[PDB]
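Student: Heads up: the sequence lines are chains E and W, in that order.
Each residue of the first sequence is one higher than the last, beginning at 16 in UniProt numbering.
Each residue of the second sequence is one higher than the last, beginning at 16 in UniProt numbering.
All C-beta atoms in this analysis are idealised placements derived from N, C-alpha and C, irrespective of residue type, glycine included.
Protein chains: 2
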Amino acid sequence: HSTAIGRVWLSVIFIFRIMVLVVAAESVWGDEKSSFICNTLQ
Amino acid sequence: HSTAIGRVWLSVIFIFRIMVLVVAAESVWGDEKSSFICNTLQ
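(1) Rounded to the nearest angstrom, what separates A40(E) and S50(E) at their Cα positions?
(2) Under a CB-based cut-off of 8 Å, is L36(E) close to chain W?
(3) Interface residues of chain W around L56(E) at Cβ under 7 Å?
(4) Can you give me the C-alpha to C-alpha distance between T55(E) and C53(W), rounded to a whole angstrom?
(5) Residues in its own chain within less than 6 Å of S42(W) by CB, not counting five upstream and five downstream?
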C-alpha cells in the first residue's frame, strides 16, 4: 500500500540504522563508562 | 650596659622563642609536606 519513496528508500535507511547501531553498540559504546575516568581521586 | 627591660625581659622572651621554635620545628612542622595531600590524582 506504500509508495516507492517509503517502500524501498525508507526501509533500506532503517536497515542501515539497525546495522550501524548493532556495530556501534557493543564496540564503540561498550567501554563508555568503564574507561570513563576523571582526574580527581574522589 | 643594657637596662633592666632588655637585660632580663627581652632575653627571657628570646629564650622562650628559641625553646618554642625547637619544640615546634621537628614535631609540628616535621610532616608539613609529607602529609600534605591533595584531592587530585594529578
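Tutor: In this structure, then:
(1) 15 Å
(2) no
(3) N54, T55 and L56
(4) 9 Å
(5) none
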